[PDB]
Chemist: 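Sharing a structure below in structure tokens format, with a few things to ask.
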Amino acid sequence: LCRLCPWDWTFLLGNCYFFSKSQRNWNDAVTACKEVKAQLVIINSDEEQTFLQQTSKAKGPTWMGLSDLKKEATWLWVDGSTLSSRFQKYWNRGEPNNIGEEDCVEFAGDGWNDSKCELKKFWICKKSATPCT
Amino acid sequence: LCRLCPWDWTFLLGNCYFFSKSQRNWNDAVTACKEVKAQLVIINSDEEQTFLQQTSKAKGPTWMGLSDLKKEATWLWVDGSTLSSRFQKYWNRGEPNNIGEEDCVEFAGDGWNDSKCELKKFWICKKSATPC
Ligand SMILES: O=S(=O)(O)O[C@H]1[C@H](O)[C@@H](O)[C@@H](O)O[C@@H]1CO[C@H]1O[C@H](CO)[C@@H](O)[C@H](O)[C@H]1O
Ligand SMILES: [Ca+2]
Ligand SMILES: [Ca+2]
């Protein structure tokens, strides 16, 4: 009897992803993921991005674990690592804008946006998968 | 509030996918998916193939809804339609072989094999998603 992931999480390339059904601000999103020992989703491959972008686009605007709250225009994942320049292409045209008013990143349609952290949105969690011999 | 798929099913391009935790033979997998008004997975896009293929690689070999049980070298999806020619590339090299000993298609490695239908494998089900 093999489960790679918790119930109602989706397996993808060695990790498990949870899609919220409700909506929260960016900080509470972090918390909610922390409560299940997970991280507001960090993106580390193109395939992951594509996979999340498409779900996310069918649900509505959705938070990822990317912010410039420490230092403006320096976008940091919730684990402290910097936005690799090879994901720069996933920002929508027109984005990011309102630097120092819009500090949290969301999926929106086909790409990424920056948004007011206080706004309520869907969120996604990531944590590692477990094997099956 | 918005939920595209039943609890424990995965949304992808407007369908929902269930991944079995147990193993069943091909005919029993077809049935297992009908229990919930679904079908043993049919592949109708490249992104789908890619998504299912990686999950299968973590679980074990896994049945899809393709066989040639009806007519001995024609590959038909469980819903009656024929294997489109833009999906012939997904066959592993050396596959399909043993035509007529092996009538059912499974996910194995980075492609599709034909296998003996009697064998117990994992399965996946598919039904349409529900919009928001
Ligand atoms: O040698 S096997 O891989 O076990 O058998 C395959 C083989 O790869 C292919 O050349 C042809 O002979 O089809 C057989 C069918 O065997 C099926 O069952 C085995 C036993 O567990 C599975 O591992 C295979 O994935 C499957 O094809
Ligand atoms: Ca913005
Ligand atoms: Ca074979």
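Computed over heavy atoms, backbone and side chain alike; hydrogens, waters and symmetry mates excluded. Reminder, nothing fancy here: chain letters follow the sequence lines and each chain counts from 1.
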Chemist: Taking all atoms of both residues into account, what is the closest heavy-atom pair of B:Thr10 and A:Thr10, and its distance?
Modeler: OG1-OG1, 2.7 Å
Chemist: After noting the C-alpha distance and the side-chain angles of B:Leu12 and A:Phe51, does the key distance pass the side chain to side chain contact (heavy atoms under 4.5 Å, CB included) rule?
Modeler: CA-CA 8 Å; B:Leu12 183 79; A:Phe51 177 71; 3.7 Å; yes
Chemist: Could you check B:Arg3 against A:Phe19 for side chain to side chain contact (heavy atoms under 4.5 Å, CB included), going step by step and ending with a plain yes or no?
Modeler: CA-CA 9 Å; B:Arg3 208 206 47 181; A:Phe19 299 96; over 6 Å; no
Chemist: Are A:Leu52 and A:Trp9 grouped together when hydrophobic residues (ILVMFWY) are joined by side-chain heavy atoms under 4.5 angstrom apart?
Modeler: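 Not linked; separate clusters.
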Chemist: Taking a hydrophobic cluster as the set of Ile, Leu, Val, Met, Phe, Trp and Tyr residues connected by side-chain heavy atoms closer than 4.5 Å, whether directly or through intermediates, do B:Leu40 and B:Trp77 fall within one such cluster?
Modeler: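 Both belong to a single hydrophobic cluster.
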Chemist: Can you tell which part of B:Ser22 gets under 4.5 Å to a heavy atom of chain A, answering side chain, backbone, both or neither?
Modeler: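 Contact with chain A involves no heavy atom of B:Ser22 at all.
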Chemist: Does atom NZ of A:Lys21 have more than 12 heavy-atom neighbours from other groups under 6.0 Å away?
Modeler: yes
Chemist: Tell me, side chain or backbone of A:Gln23 under 4.5 Å from chain B's heavy atoms, or both, or neither?
Modeler: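 The side chain, not the backbone.
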Chemist: Provide the full list of salt bridge (charged side-chain N to carboxylate O under 4.0 Å, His left out) pairs with a residue in residues 30-59 of chain B, sequence neighbours left out, each pair given once.
Modeler: B:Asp46-B:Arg86, B:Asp46-B:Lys89, B:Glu48-B:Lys126, B:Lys57-B:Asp110
Chemist: Taking side chain as everything from C-beta outward and backbone as N, CA, C, O, which of these in A:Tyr17 sits under 4.5 Å from a heavy atom of chain B? Side chain, backbone, both or neither.
Modeler: neither
Chemist: Search all heavy atoms of B:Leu4 against all heavy atoms of A:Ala58 and return the closest pair with its distance.
Modeler: CD1-CB, 3.7 Å
Chemist: Spell out, yes or no, whether A:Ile42 and A:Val36 are grouped together once hydrophobic residues are joined by side-chain heavy atoms under 4.5 Å, including indirect joins.
Modeler: no
Chemist: Let me have the donor-acceptor pairs involving side chains of residues 94-102 of chain B, under 3.5 Å, with sequence neighbours excluded, atom names and distances please.
Modeler:
{"residue": "B:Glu95", "atom": "OE1", "partner": "B:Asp114", "partner atom": "N", "Å": "3.1"}
{"residue": "B:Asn97", "atom": "ND2", "partner": "B:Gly94", "partner atom": "O", "Å": "3.4"}

